[PDB]
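I have placed the structure first, in the form of structure tokens, so that the comments after it can refer back to it.
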Amino acid sequence: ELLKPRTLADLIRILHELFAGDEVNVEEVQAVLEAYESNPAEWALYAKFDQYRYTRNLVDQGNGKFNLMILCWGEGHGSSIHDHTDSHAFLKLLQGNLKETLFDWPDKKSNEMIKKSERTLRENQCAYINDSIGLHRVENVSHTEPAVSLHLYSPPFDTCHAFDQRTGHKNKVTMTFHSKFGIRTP
Ligand SMILES: [Cl-]
Ligand SMILES: [Fe+3]
Numbered sequence: 005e006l007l008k009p010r011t012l013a014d015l016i017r018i019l020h021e022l023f024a025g026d027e028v029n030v031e032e033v034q035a036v037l038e039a040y041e042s043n044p045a046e047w048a049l050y051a052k053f054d055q056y057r058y059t060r061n062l063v064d065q066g067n068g069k070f071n072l073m074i075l076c077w078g079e080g081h082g083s084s085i086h087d088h089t090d091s092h093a094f095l096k097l098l099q100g101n102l103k104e105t106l107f108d109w110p111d112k113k114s115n116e117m118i119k120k121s122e123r124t125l126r127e128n129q130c131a132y133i134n135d136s137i138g139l140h141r142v143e144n145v146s147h148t149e150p151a152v153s154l155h156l157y158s159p160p161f162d163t164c165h166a167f168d169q170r171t172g173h174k175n176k177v178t179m180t181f182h183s184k185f186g187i188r189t190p
């Protein structure tokens, strides 16, 4: 029985219930993420920005079933075109707007990766992707407003692939944390 999360802490408790088993009800998870109304005081501890690129700030390790983290995107900061390592990936905007561009998996032939679609994700909205849907790039295209998003990955993963938009060629990247549980982790 899904109830509205009253706070970030309440959301986390509810997520631990939704991930208590071995499968994932994507629609329920997305609905509860969407229902949490972003309250900046509740997540200020995790919102640690870097001047030069977006940061990943671990919030909860989900008893091993998921990683929940907050990503902080300066003006103009964005990702590579990337996959999600056979995991579910949920993205909820806490502050600002992000542009999500979708791409198909490349063929073996070296070719330009052409976007399949794009959308602007707005405050409090929750998007979802997995490798069966495709690849994406996520970008804060604003010149004036930093963005903050809440990401849930299940199972957790610490590597993924970045794709060269010119060729479709992929390279494995290891994902790093800027902080964990509010503590900067050099
Ligand atoms: Cl993502
Ligand atoms: Fe992603």
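For what it's worth, the authors' numbering labels the leading residue of the sequence shown as 5, then goes sequentially.
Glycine residues also receive a C-beta, built at the ideal position from the N, C-alpha and C atoms.
- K96 sits close to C130, with the two beta carbons spaced by under 7 Å.
- Residue list for ligand 1: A93, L95, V142, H155 (CB closer than 6 Å to any heavy atom, chain order).
- With respect to the 7 Å criterion, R60 and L75 are classified as neighbours on the basis of their beta carbons.
- Taken atom to atom, the span from the alpha-carbon of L72 to that of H20 is near 11 Å.
- Looking at the DSSP output, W77 shares a beta bridge with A151.
- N128 is positioned such that its CB atom lies no closer than 7 Å to that of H92.
- Looking only at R170, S158, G172, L125, the smallest Cα-Cα distance to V152 is reached by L125.
- In this structure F161 is in contact with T89, their Cβ atoms being roughly 4 Å apart against a cut-off of 8 Å.
- Taking 7 Å as the cut-off, the Cβ atoms of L15 and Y50 do not count as close.
- Of all alpha-carbon atoms in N115, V142, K112, the one lying nearest the alpha-carbon of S121 is that of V142.
- If you keep only unbroken alpha helix (DSSP H) runs of at least 4 residues inside the region 22-46, you get 30-39.
- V30 sits exposed, since fewer than 16 C-beta atoms from the chains shown fall within 10 Å of its C-beta.
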